[PDB]
Amino acid sequence: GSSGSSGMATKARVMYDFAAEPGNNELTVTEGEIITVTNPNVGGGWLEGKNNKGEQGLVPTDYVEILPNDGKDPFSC
């Protein structure tokens, strides 16, 4: 029926409101705002996420902490 245990659709929640300079390879996000993770492993401790607009930019993993996915559910409790 389904495919994948953890899932490919990774999500991350912003802990602190971060701003990206105009005309830069960075993305602008806000605290509480969630986005789609595409490249969580860029190189150095950064990740690439896309916004509703469809734009992609670099964001400091220190500002946003990726959230886990639905892990293998436990057997009949």
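We did not get these values from a lab; they are worked out from the coordinates using the rules stated. Every residue, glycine among them, receives a Cβ derived from its backbone with ideal geometry; neighbour counts consider all protein chains shown.
Do any chymotrypsin sites (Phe, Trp or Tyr not before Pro) in the chain lie in a loop, going by DSSP, with at most 14 other beta-carbon atoms within 10 Å of their beta carbon, and if so which? Numbers along the way, then the final one.
Numbers: sites: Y16, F18, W46, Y63, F75; in loops: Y16, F18, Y63, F75.
Taking the chain and a limit of 14 other Cβ atoms within 10 Å, the loop chymotrypsin sites (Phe, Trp or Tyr not before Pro) found are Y16, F75.
Applying the criteria of a DSSP loop state and at most 15 other Cβ atoms within 10 Å to the trypsin sites (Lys or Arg not before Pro) of the chain yields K53, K72.
Each residue, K72 and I34, gets one label point 7 Å from its Cα in the Cβ direction; the gap between the two is 2.5 nm.
May I have the convex hull volume per residue, in Å³, for the Cα set of the chain?
Details: hull volume 9.8 nm³, N = 77.
Spread over its residues, the Cα hull of the chain gives 127 Å³ apiece.
Neighbours of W46, meaning other residues whose beta-carbon lies under 13 angstrom from its beta-carbon, give a summed charge of -3 when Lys and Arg score +1 and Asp and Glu score -1.
Summing +1 for each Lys or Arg and -1 for each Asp or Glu among the other residues whose beta-carbon sits under 14 angstrom from that of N25 gives -3.
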